[PDB]
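Visitor: So that you have it, the file is target_15.txt, and it contains compact mmCIF, C-alpha atoms and all ligand atoms:
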# COMPACT_ATOMS: atom_id res chain seq x y z
CA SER N 2 -10.28 -19.92 72.33
CA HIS N 3 -7.80 -18.95 69.59
CA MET N 4 -4.04 -18.38 69.46
CA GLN N 5 -4.35 -14.57 68.90
CA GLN N 6 -6.62 -15.16 65.86
CA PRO N 7 -9.96 -13.83 67.06
CA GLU N 8 -11.87 -13.40 63.74
CA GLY N 9 -10.33 -16.15 61.52
CA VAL N 10 -7.41 -18.52 61.04
CA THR N 11 -4.03 -17.60 59.58
CA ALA N 12 -3.08 -21.04 58.11
CA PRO N 13 -6.35 -22.72 56.97
CA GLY N 14 -6.25 -26.39 55.95
CA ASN N 15 -9.14 -28.63 54.82
CA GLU N 16 -7.91 -31.87 53.27
CA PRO N 17 -7.44 -35.52 54.24
CA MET N 18 -4.16 -36.68 55.77
CA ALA N 19 -2.79 -40.20 56.02
CA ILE N 20 0.51 -42.03 56.31
CA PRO N 21 2.05 -41.81 52.80
CA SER N 22 2.25 -45.09 50.89
CA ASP N 23 6.10 -44.91 50.54
CA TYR N 24 6.73 -44.20 54.26
CA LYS N 25 7.74 -46.70 57.00
CA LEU N 26 7.58 -46.49 60.80
CA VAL N 27 11.03 -45.20 61.90
CA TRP N 28 10.24 -44.56 65.60
CA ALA N 29 7.52 -45.44 68.07
CA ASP N 30 6.63 -45.65 71.72
CA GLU N 31 3.52 -47.75 72.49
CA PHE N 32 3.80 -47.17 76.29
CA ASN N 33 3.18 -50.84 77.10
CA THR N 34 6.01 -51.16 79.72
CA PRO N 35 4.77 -49.85 83.05
CA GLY N 36 6.90 -47.53 85.18
CA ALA N 37 9.26 -44.77 84.06
CA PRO N 38 9.40 -43.79 80.38
CA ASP N 39 12.13 -45.50 78.30
CA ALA N 40 15.26 -43.39 78.76
CA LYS N 41 16.50 -44.35 75.28
CA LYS N 42 13.43 -42.41 73.89
CA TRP N 43 12.57 -39.67 76.46
CA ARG N 44 14.30 -37.08 78.65
CA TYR N 45 12.67 -34.83 81.22
CA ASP N 46 12.96 -31.06 80.53
CA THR N 47 14.06 -29.32 83.76
CA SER N 48 15.75 -26.40 81.92
CA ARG N 49 13.52 -23.60 83.42
CA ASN N 50 12.30 -25.13 86.72
CA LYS N 51 14.47 -22.82 88.84
CA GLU N 52 14.23 -19.78 86.55
CA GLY N 53 10.43 -20.05 85.89
CA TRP N 54 8.77 -21.34 82.75
CA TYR N 55 7.54 -18.95 80.02
CA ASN N 56 4.05 -17.68 79.14
CA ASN N 57 2.98 -16.87 82.76
CA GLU N 58 2.93 -20.66 83.33
CA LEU N 59 2.54 -21.91 86.93
CA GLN N 60 3.99 -25.43 86.84
CA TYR N 61 7.23 -27.03 88.03
CA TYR N 62 8.10 -30.00 85.67
CA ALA N 63 9.20 -32.88 87.93
CA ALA N 64 11.80 -35.39 86.64
CA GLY N 65 11.80 -39.06 87.71
CA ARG N 66 8.57 -38.62 89.63
CA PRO N 67 5.85 -41.22 88.85
CA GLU N 68 3.18 -38.93 90.44
CA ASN N 69 3.70 -36.57 87.42
CA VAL N 70 5.07 -38.85 84.63
CA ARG N 71 4.40 -42.61 84.54
CA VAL N 72 3.69 -45.35 82.03
CA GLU N 73 0.47 -47.05 83.21
CA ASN N 74 -2.13 -49.37 81.63
CA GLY N 75 -0.88 -48.89 78.05
CA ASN N 76 -0.51 -45.07 78.17
CA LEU N 77 2.03 -42.44 79.09
CA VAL N 78 0.41 -40.44 81.91
CA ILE N 79 1.42 -36.80 82.48
CA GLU N 80 -0.43 -35.65 85.58
CA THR N 81 -0.82 -32.16 87.03
CA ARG N 82 -0.95 -31.71 90.84
CA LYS N 83 -1.41 -28.79 93.21
CA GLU N 84 1.66 -29.03 95.47
CA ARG N 85 4.95 -27.27 96.15
CA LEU N 86 7.95 -29.61 95.54
CA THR N 87 10.15 -27.42 97.79
CA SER N 88 12.98 -29.93 98.34
CA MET N 89 13.78 -30.29 94.64
CA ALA N 90 17.21 -28.77 94.00
CA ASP N 91 15.77 -26.89 90.98
CA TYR N 92 12.54 -25.79 92.77
CA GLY N 93 11.38 -22.39 91.45
CA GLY N 94 8.58 -21.32 93.87
CA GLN N 95 5.77 -23.01 91.93
CA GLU N 96 2.44 -24.10 93.45
CA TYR N 97 1.89 -26.94 90.94
CA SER N 98 3.76 -29.90 89.49
CA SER N 99 3.44 -31.49 86.04
CA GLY N 100 5.51 -33.30 83.44
CA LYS N 101 7.39 -32.36 80.27
CA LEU N 102 9.12 -35.07 78.22
CA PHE N 103 11.08 -34.61 75.01
CA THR N 104 13.27 -36.59 72.59
CA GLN N 105 15.92 -33.82 72.40
CA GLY N 106 19.34 -35.42 71.97
CA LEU N 107 17.82 -38.94 71.54
CA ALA N 108 15.61 -38.85 68.39
CA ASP N 109 14.80 -36.22 65.80
CA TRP N 110 13.43 -36.14 62.26
CA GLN N 111 13.59 -33.97 59.15
CA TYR N 112 10.21 -34.36 57.37
CA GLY N 113 7.79 -37.13 58.16
CA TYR N 114 4.34 -38.10 59.35
CA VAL N 115 4.00 -37.87 63.15
CA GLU N 116 0.90 -39.42 64.80
CA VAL N 117 0.20 -39.09 68.55
CA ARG N 118 -2.92 -40.76 69.91
CA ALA N 119 -3.96 -39.08 73.14
CA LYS N 120 -6.72 -38.22 75.64
CA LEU N 121 -6.18 -34.71 76.95
CA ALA N 122 -6.00 -33.06 80.42
CA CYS N 123 -9.05 -31.04 81.43
CA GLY N 124 -9.99 -28.62 84.20
CA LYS N 125 -9.69 -24.80 83.90
CA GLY N 126 -5.98 -23.99 84.10
CA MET N 127 -4.74 -27.00 82.07
CA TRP N 128 -2.84 -26.53 78.82
CA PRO N 129 -1.79 -29.87 77.29
CA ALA N 130 0.48 -29.78 74.20
CA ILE N 131 2.20 -32.03 71.66
CA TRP N 132 4.84 -30.09 69.71
CA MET N 133 8.34 -30.00 68.20
CA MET N 134 11.38 -27.70 68.15
CA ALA N 135 14.50 -27.77 65.95
CA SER N 136 17.50 -29.80 67.17
CA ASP N 137 19.98 -27.00 66.10
CA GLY N 141 17.97 -19.16 68.42
CA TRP N 142 14.20 -19.33 68.98
CA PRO N 143 11.83 -18.70 67.27
CA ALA N 144 14.00 -18.54 64.11
CA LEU N 145 14.91 -22.31 64.37
CA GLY N 146 11.18 -23.19 63.94
CA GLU N 147 8.53 -24.55 66.30
CA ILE N 148 5.68 -26.95 65.29
CA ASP N 149 2.71 -27.09 67.67
CA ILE N 150 0.90 -30.25 66.53
CA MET N 151 -1.75 -30.01 69.27
CA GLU N 152 -2.51 -27.40 71.88
CA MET N 153 -5.70 -27.23 73.92
CA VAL N 154 -6.68 -24.85 76.74
CA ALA N 155 -9.17 -26.46 79.08
CA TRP N 156 -11.46 -23.39 79.50
CA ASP N 157 -12.35 -24.34 75.85
CA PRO N 158 -11.52 -28.04 75.91
CA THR N 159 -13.09 -29.11 72.55
CA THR N 160 -11.02 -26.63 70.54
CA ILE N 161 -7.77 -28.07 69.13
CA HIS N 162 -5.07 -25.60 67.92
CA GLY N 163 -2.32 -26.26 65.38
CA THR N 164 0.33 -23.57 64.97
CA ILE N 165 3.84 -22.98 63.62
CA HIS N 166 6.40 -20.31 64.57
CA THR N 167 9.35 -18.94 62.58
CA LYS N 168 11.36 -15.72 62.68
CA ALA N 169 8.71 -14.00 60.45
CA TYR N 170 5.66 -15.76 61.98
CA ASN N 171 5.65 -16.15 65.75
CA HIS N 172 3.74 -15.31 68.92
CA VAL N 173 6.28 -12.71 70.21
CA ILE N 174 5.15 -10.39 67.38
CA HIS N 175 1.67 -12.12 67.00
CA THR N 176 2.40 -13.23 63.42
CA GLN N 177 2.09 -17.02 64.00
CA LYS N 178 0.52 -19.21 61.27
CA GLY N 179 -2.12 -21.52 62.66
CA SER N 180 -5.65 -22.93 62.62
CA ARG N 181 -8.10 -24.63 64.94
CA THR N 182 -10.93 -27.15 64.88
CA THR N 183 -13.40 -28.90 67.21
CA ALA N 184 -12.89 -32.49 68.49
CA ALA N 185 -15.39 -34.54 70.52
CA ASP N 186 -14.75 -34.73 74.29
CA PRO N 187 -10.92 -34.73 73.91
CA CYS N 188 -10.36 -35.40 77.64
CA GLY N 189 -12.78 -38.38 77.61
CA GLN N 190 -11.93 -40.14 74.34
CA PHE N 191 -8.79 -40.71 72.30
CA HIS N 192 -8.01 -38.77 69.11
CA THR N 193 -5.03 -38.99 66.76
CA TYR N 194 -3.14 -35.67 66.42
CA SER N 195 -1.00 -35.66 63.29
CA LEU N 196 1.65 -33.72 61.35
CA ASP N 197 2.47 -34.36 57.70
CA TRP N 198 5.71 -32.42 57.12
CA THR N 199 7.38 -32.33 53.70
CA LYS N 200 9.74 -29.88 51.97
CA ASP N 201 6.63 -28.37 50.31
CA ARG N 202 4.17 -27.91 53.27
CA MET N 203 2.94 -28.96 56.66
CA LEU N 204 -0.49 -30.32 57.39
CA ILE N 205 -1.70 -30.49 61.03
CA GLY N 206 -4.79 -32.51 61.75
CA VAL N 207 -7.05 -34.57 64.02
CA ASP N 208 -8.39 -38.05 63.08
CA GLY N 209 -7.09 -37.91 59.48
CA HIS N 210 -8.44 -34.38 58.66
CA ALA N 211 -5.94 -31.57 58.19
CA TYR N 212 -7.45 -28.33 59.62
CA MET N 213 -4.15 -26.42 59.33
CA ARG N 214 -1.86 -25.99 56.27
CA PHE N 215 1.41 -24.04 56.11
CA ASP N 216 3.16 -23.92 52.72
CA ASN N 217 6.83 -23.42 51.98
CA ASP N 218 6.78 -20.15 49.98
CA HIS N 219 9.88 -21.53 48.11
CA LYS N 220 11.78 -18.15 48.48
CA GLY N 221 14.72 -19.85 50.27
CA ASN N 222 14.15 -17.39 53.15
CA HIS N 223 14.89 -19.17 56.48
CA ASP N 224 12.66 -16.50 58.20
CA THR N 225 9.48 -17.89 56.48
CA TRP N 226 10.64 -21.58 56.13
CA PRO N 227 13.19 -22.85 58.63
CA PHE N 228 11.80 -26.43 58.39
CA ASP N 229 14.57 -28.10 56.33
CA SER N 230 16.34 -29.36 59.45
CA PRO N 231 15.54 -32.01 62.10
CA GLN N 232 13.02 -31.44 64.92
CA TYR N 233 12.53 -33.31 68.22
CA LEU N 234 9.19 -34.11 69.92
CA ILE N 235 7.77 -32.66 73.15
CA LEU N 236 4.84 -33.77 75.36
CA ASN N 237 3.69 -31.65 78.34
CA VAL N 238 0.82 -30.36 80.38
CA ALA N 239 1.31 -26.70 81.29
CA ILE N 240 -0.78 -24.93 83.96
CA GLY N 241 -1.88 -21.34 83.78
CA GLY N 242 -0.92 -18.87 81.12
CA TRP N 243 -3.29 -19.39 78.16
CA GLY N 244 -4.72 -22.41 80.07
CA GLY N 245 -5.62 -20.02 82.98
CA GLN N 246 -7.23 -17.25 80.92
CA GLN N 247 -10.51 -18.01 82.84
CA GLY N 248 -8.76 -18.91 86.11
CA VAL N 249 -7.44 -22.10 87.60
CA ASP N 250 -9.93 -24.59 89.09
CA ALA N 251 -8.34 -25.88 92.35
CA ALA N 252 -10.90 -28.78 92.27
CA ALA N 253 -9.63 -29.97 88.84
CA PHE N 254 -6.35 -31.33 90.25
CA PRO N 255 -5.06 -33.88 89.73
CA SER N 256 -5.58 -33.88 85.93
CA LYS N 257 -4.01 -36.35 83.46
CA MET N 258 -3.10 -36.45 79.77
CA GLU N 259 -2.94 -40.09 78.60
CA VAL N 260 -0.82 -40.75 75.46
CA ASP N 261 -1.54 -44.15 73.90
CA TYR N 262 1.32 -43.94 71.38
CA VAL N 263 3.79 -41.84 69.46
CA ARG N 264 4.55 -43.04 65.90
CA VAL N 265 6.91 -41.39 63.41
CA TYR N 266 6.93 -42.37 59.75
CA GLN N 267 9.35 -41.33 57.00
CA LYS N 268 10.39 -42.17 53.50
CA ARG N 269 12.99 -44.88 53.84
CA CA N 301 -0.19 -47.64 74.11
Transcribe the structure of this file into structure tokens.
Guide:
Amino acid sequence: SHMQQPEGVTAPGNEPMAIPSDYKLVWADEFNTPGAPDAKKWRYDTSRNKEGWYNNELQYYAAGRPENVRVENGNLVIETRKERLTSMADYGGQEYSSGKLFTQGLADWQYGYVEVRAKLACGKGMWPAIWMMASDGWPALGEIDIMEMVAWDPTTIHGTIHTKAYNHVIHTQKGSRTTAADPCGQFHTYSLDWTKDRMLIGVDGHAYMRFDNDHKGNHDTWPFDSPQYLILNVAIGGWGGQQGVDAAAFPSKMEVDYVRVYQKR
């Protein structure tokens, strides 16, 4: 797998990453309170349930539904299921349910070190992601994909950014990829180090992706001087379904041990 980068990477990184010495934890969820996610930290995204999600995706994102989003045994669980939730008011005809949480309108950050420790969702069809979008159109406002994986190639981790100049609508996105051991069976830490000068995206303290601010003051190539909010989801189909959907793979879970955000303060 590759995010339209068949014969190389467009934003190569190869350097260590770690929480900077002058940073402090400014936000966390440790997911140690069973039941629904803390509503002071997380909202459900239902914005396109009735309209249809993007990317040829197949899922309906259920809100307030423990079968799809629950805190359990020290993790956030986002679970995909093969089912039609036809009596939801915003039902959109989908054959699958999943979860999509975000901090939009509750918590956002400009610059910082973001660490998300997770075990991913497997089974052909699955497309787990950990990513960010600007609080204040798209893609000009900036998108930061800290972690994507597509479960037809479940050991490949993808790290990508999108801007007006560099984005998947015109196939000019800046990204890289790496290999992680059994990501659906063991935890890894997926990390972003975002400063005014560059972003690093990594796994387990190794940056495999680097995107520099070109310092031209062009918002089209660097929109990332404004706050972003965090997003956790498991999509179904689209890129995740490039080799089909495995009916037998459902239900499939992503387990998030924690989200930690650090900043200079
Ligand atoms: Ca935890």
Visitor: Sort by chain and increasing residue number a table of all residues of chain N within 8 Å of ligand CA 301 (chain N), each with its closest pair of atoms and their distance in Å to one decimal, counting only C-alpha atoms and all ligand atoms, and write it as JSON lines.
Guide:
{"residue": "N:30", "atom": "CA", "partner": "N:CA301", "partner_atom": "CA", "distance": 7.5}
{"residue": "N:31", "atom": "CA", "partner": "N:CA301", "partner_atom": "CA", "distance": 4.0}
{"residue": "N:32", "atom": "CA", "partner": "N:CA301", "partner_atom": "CA", "distance": 4.6}
{"residue": "N:33", "atom": "CA", "partner": "N:CA301", "partner_atom": "CA", "distance": 5.5}
{"residue": "N:74", "atom": "CA", "partner": "N:CA301", "partner_atom": "CA", "distance": 8.0}
{"residue": "N:75", "atom": "CA", "partner": "N:CA301", "partner_atom": "CA", "distance": 4.2}
{"residue": "N:76", "atom": "CA", "partner": "N:CA301", "partner_atom": "CA", "distance": 4.8}
{"residue": "N:77", "atom": "CA", "partner": "N:CA301", "partner_atom": "CA", "distance": 7.5}
{"residue": "N:260", "atom": "CA", "partner": "N:CA301", "partner_atom": "CA", "distance": 7.0}
{"residue": "N:261", "atom": "CA", "partner": "N:CA301", "partner_atom": "CA", "distance": 3.7}
{"residue": "N:262", "atom": "CA", "partner": "N:CA301", "partner_atom": "CA", "distance": 4.8}
Visitor: When you count all atoms listed in the file, which of these residues is closest to residue 200 of chain N: N:170, N:112, N:132, N:28?
Guide: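 Using all atoms listed in the file, the shortest distance to residue 200 of chain N belongs to N:112.
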Visitor: If I put a ball of radius 12 Å at (0.8, -43.6, 56.2) in the file's coordinates, which residues poke into it when counting all atoms listed in the file, written as a PyMOL selection string?
Guide: chain N and resi 17-27+113-116+195-197+209+264-268
Visitor: Using all atoms listed in the file, pick whichever of N:142, N:72, N:12, N:42 has the shortest atom-to-atom distance to residue 164 of chain N.
Guide: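 Of the candidates, the smallest distance to residue 164 of chain N is held by N:12.
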Visitor: What gap, in Å, lies between atom CA of residue 205 of chain N and atom CA of residue 48 of chain N?
Guide: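 About the pair atom CA of residue 205 of chain N and atom CA of residue 48 of chain N: they are 27.5 Å apart.
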Visitor: What lies within 10 Å of residue 106 of chain N using only C-alpha atoms, ignoring chain neighbours under 5 positions off, as a list in words?
Guide: residues 41, 42, 43, 44, 136 and 233 of chain N
Visitor: Based on the selection just made, write C-alpha atoms of those residues as an mmCIF file, in the coordinates of the input.
Guide:
data_model
loop_
_atom_site.group_PDB
_atom_site.id
_atom_site.type_symbol
_atom_site.label_atom_id
_atom_site.label_comp_id
_atom_site.auth_asym_id
_atom_site.auth_seq_id
_atom_site.Cartn_x
_atom_site.Cartn_y
_atom_site.Cartn_z
ATOM 1 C CA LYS N 41 16.500 -44.350 75.280
ATOM 2 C CA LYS N 42 13.430 -42.410 73.890
ATOM 3 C CA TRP N 43 12.570 -39.670 76.460
ATOM 4 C CA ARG N 44 14.300 -37.080 78.650
ATOM 5 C CA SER N 136 17.500 -29.800 67.170
ATOM 6 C CA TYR N 233 12.530 -33.310 68.220
#
Visitor: For atom CA of residue 186 of chain N and atom CA of residue 55 of chain N, determine how far apart the two atoms are, in Å to one decimal place.
Guide: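 Interatomic distance here is 27.9 Å.
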Visitor: For residue 183 of chain N, which residue out of N:235, N:161, N:123, N:4 is the nearest one, using all atoms listed in the file?
Guide: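 The closest residue to residue 183 of chain N is N:161.
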Visitor: Record the distance separating atom CA of residue 145 of chain N and atom CA of residue 227 of chain N, expressed in Å with one decimal.
Guide: 6.0 Å
Visitor: Counting only C-alpha atoms, which of N:244, N:231, N:179, N:255 gets nearest to residue 107 of chain N?
Guide: N:231
Visitor: Which residues, written as a list in words, have at least one atom at most 8 Å from residue 80 of chain N, with all atoms listed in the file counted and residues fewer than 2 positions away on the same chain left out?
Guide: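 Within the cut-off, the hits are residues 68, 69, 70, 78, 82, 99, 100, 238, 255, 256, 257 and 258 of chain N.
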Visitor: Can you fill out segment 94-118 of chain N with N, CA, C and O atoms and hand it back as a tab-separated table (two decimals), in the coordinates of the input?
Guide:
chain	number	residue	atom	x	y	z
N	94	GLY	N	9.68	-22.04	93.22
N	94	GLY	CA	8.58	-21.32	93.87
N	94	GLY	C	7.20	-21.69	93.41
N	94	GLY	O	6.21	-21.06	93.87
N	95	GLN	N	7.07	-22.70	92.55
N	95	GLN	CA	5.77	-23.01	91.93
N	95	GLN	C	4.82	-23.68	92.91
N	95	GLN	O	5.25	-24.39	93.83
N	96	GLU	N	3.54	-23.52	92.64
N	96	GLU	CA	2.44	-24.10	93.45
N	96	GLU	C	1.88	-25.34	92.81
N	96	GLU	O	0.94	-25.90	93.37
N	97	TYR	N	2.42	-25.76	91.65
N	97	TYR	CA	1.89	-26.94	90.94
N	97	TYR	C	3.04	-27.74	90.37
N	97	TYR	O	4.11	-27.16	90.13
N	98	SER	N	2.80	-29.03	90.17
N	98	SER	CA	3.76	-29.90	89.49
N	98	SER	C	3.09	-30.52	88.27
N	98	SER	O	1.85	-30.64	88.22
N	99	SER	N	3.90	-30.81	87.26
N	99	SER	CA	3.44	-31.49	86.04
N	99	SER	C	4.63	-32.18	85.40
N	99	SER	O	5.65	-32.32	86.05
N	100	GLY	N	4.45	-32.65	84.18
N	100	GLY	CA	5.51	-33.30	83.44
N	100	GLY	C	5.71	-32.73	82.04
N	100	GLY	O	4.76	-32.19	81.40
N	101	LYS	N	6.97	-32.75	81.63
N	101	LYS	CA	7.39	-32.36	80.27
N	101	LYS	C	8.50	-33.30	79.80
N	101	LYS	O	9.57	-33.32	80.44
N	102	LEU	N	8.18	-34.12	78.80
N	102	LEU	CA	9.12	-35.07	78.22
N	102	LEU	C	9.51	-34.58	76.83
N	102	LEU	O	8.66	-34.03	76.12
N	103	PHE	N	10.71	-34.91	76.39
N	103	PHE	CA	11.08	-34.61	75.01
N	103	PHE	C	12.11	-35.63	74.55
N	103	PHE	O	12.74	-36.36	75.32
N	104	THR	N	12.30	-35.68	73.24
N	104	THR	CA	13.27	-36.59	72.59
N	104	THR	C	14.55	-35.86	72.22
N	104	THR	O	15.39	-36.48	71.57
N	105	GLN	N	14.73	-34.64	72.67
N	105	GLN	CA	15.92	-33.82	72.40
N	105	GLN	C	17.18	-34.61	72.77
N	105	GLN	O	17.30	-35.19	73.85
N	106	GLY	N	18.07	-34.72	71.80
N	106	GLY	CA	19.34	-35.42	71.97
N	106	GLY	C	19.22	-36.91	71.84
N	106	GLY	O	20.29	-37.55	71.88
N	107	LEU	N	18.03	-37.49	71.68
N	107	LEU	CA	17.82	-38.94	71.54
N	107	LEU	C	17.28	-39.29	70.16
N	107	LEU	O	17.72	-40.30	69.64
N	108	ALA	N	16.32	-38.55	69.64
N	108	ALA	CA	15.61	-38.85	68.39
N	108	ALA	C	15.11	-37.54	67.81
N	108	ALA	O	14.52	-36.67	68.53
N	109	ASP	N	15.36	-37.38	66.52
N	109	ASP	CA	14.80	-36.22	65.80
N	109	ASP	C	14.62	-36.64	64.36
N	109	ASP	O	15.15	-37.68	63.91
N	110	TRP	N	13.83	-35.84	63.65
N	110	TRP	CA	13.43	-36.14	62.26
N	110	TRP	C	13.39	-34.86	61.43
N	110	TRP	O	12.84	-33.88	61.89
N	111	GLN	N	13.84	-34.99	60.18
N	111	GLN	CA	13.59	-33.97	59.15
N	111	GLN	C	12.57	-34.53	58.15
N	111	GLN	O	12.94	-35.45	57.40
N	112	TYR	N	11.38	-33.93	58.13
N	112	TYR	CA	10.21	-34.36	57.37
N	112	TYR	C	9.69	-35.65	58.00
N	112	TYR	O	10.39	-36.37	58.75
N	113	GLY	N	8.43	-35.89	57.77
N	113	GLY	CA	7.79	-37.13	58.16
N	113	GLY	C	6.37	-36.90	58.61
N	113	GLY	O	5.85	-35.76	58.61
N	114	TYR	N	5.74	-38.02	58.87
N	114	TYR	CA	4.34	-38.10	59.35
N	114	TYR	C	4.42	-38.49	60.80
N	114	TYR	O	4.86	-39.58	61.11
N	115	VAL	N	3.93	-37.62	61.70
N	115	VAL	CA	4.00	-37.87	63.15
N	115	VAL	C	2.56	-38.05	63.61
N	115	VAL	O	1.74	-37.20	63.30
N	116	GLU	N	2.26	-39.12	64.30
N	116	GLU	CA	0.90	-39.42	64.80
N	116	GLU	C	1.01	-39.66	66.30
N	116	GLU	O	1.76	-40.55	66.72
N	117	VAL	N	0.21	-38.96	67.09
N	117	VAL	CA	0.20	-39.09	68.55
N	117	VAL	C	-1.24	-39.30	68.94
N	117	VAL	O	-2.07	-38.46	68.64
N	118	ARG	N	-1.54	-40.44	69.54
N	118	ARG	CA	-2.92	-40.76	69.91
N	118	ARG	C	-3.04	-40.45	71.39
N	118	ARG	O	-2.22	-41.01	72.18
